[PDB]
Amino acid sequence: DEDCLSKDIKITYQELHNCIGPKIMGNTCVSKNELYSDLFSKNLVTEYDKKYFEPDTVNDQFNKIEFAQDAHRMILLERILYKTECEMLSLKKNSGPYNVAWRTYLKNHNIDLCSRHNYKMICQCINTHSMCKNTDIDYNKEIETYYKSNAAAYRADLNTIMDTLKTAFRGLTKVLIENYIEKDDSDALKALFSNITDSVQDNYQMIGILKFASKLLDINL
C-alpha cells in the first residue's frame, strides 16, 4: 500500500480514496513538528513543504484542503490535519464533540422517512442512537416502497444524508463527495462509503449512516 505522498502528479479520484482522513488516521495526534520530522525522515516531504506544518485552526485547514487546486497539496494537508488534530480522532469512536456535531445536525432537521415510519432501523439509529447495525436491511422492502412514491422526500433525505457525511468528514472526503455528486457517479460514492466504513468500524451510528447512504444509492430514480 504505497503512501499517498509517494505517488505521482496524475492521480485519479479513485486512487484518492486511499488518502482520505478516516483511512490515514490512527489512534494518536502527534505535533505538527513531529509529523514533519517523521515524514521528512521517510523522504515524503521536503523543506519546501515545511510551511504547510505551521499551526492553524481546524476550520482553516478544512478550507485550505477544500479549495486546494493541487492534488499533492490536498493530500499533504489532509495528512497533516488528520494526523495532528486530536479532535478528529473522535471519528473513530461514538462520543466526542465532533460526533455530537454532525449527530445533532442530522437529528435536528431529520429525514422525512422518520416522520411517518419512526420505527425503521435508520430512524432508531438517528433518533435514539440505537439499532444502528441493520440500517441497510430493508425487511420486505418497505423503505424502498416509501421513497419511490415520495420522490421529494427521497431527494430531501439523500441531500440531508450527503450533507451529514460532508459535515462529518471535512476535507478530502468532502471534496470527493461533492465531485461524485456533481458527476452523478453513484458507483464511486458507494465505493467511497465502503472505504470509509472499513476505517470507522467503532463509530456505531456513523456505520449506520453510511450503510443507509449506500442503500439510498441503490434506490435509483
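The first residue of the shown sequence is 1; numbering continues from there.
Mean C-alpha temperature factor, higher of 56-64 and 183-191: It is 183-191 that shows the higher mean C-alpha B-factor.
Out of 154-162 and 26-34, which one has CA B-factors that are higher on average in the deposited record? Comparing 154-162 with 26-34, the higher mean C-alpha B-factor belongs to 154-162.
Given 130, 118, 149, 135, the residue at which the Cα B factor reaches its maximum: Of the candidates given, the C-alpha B-factor peaks at 149.
Kindly indicate the residue among 77, 123, 91, 106 with the greatest C-alpha B-factor in the PDB record. Spelled out: the listed residue with the top C-alpha B-factor is 106.
Third of the chain, ranked by Cα B-factor, where residue 212 sits: According to the entry, residue 212 has a C-alpha B-factor in the chain's lowest third.
Chain-wide C-alpha B factor ranking for residue 49, given as lowest, middle or highest third: Lowest third, going by the recorded CA B-factors of the chain.
Third of the chain's Cα B-factor distribution that residue 100 belongs to, per the entry: For residue 100, whose C-alpha B-factor we compare with every modelled residue in the chain, the answer is the highest third.
Going by what the PDB entry lists, where does residue 85 fall on CA B-factor within its chain: lowest, middle or highest third? Ranked within chain, residue 85 CA B lands in the lowest tercile.
By its CA B factor, does residue 201 count among the lowest, middle or highest third of the modelled residues in the chain? CA B-factor rank for residue 201: middle third.
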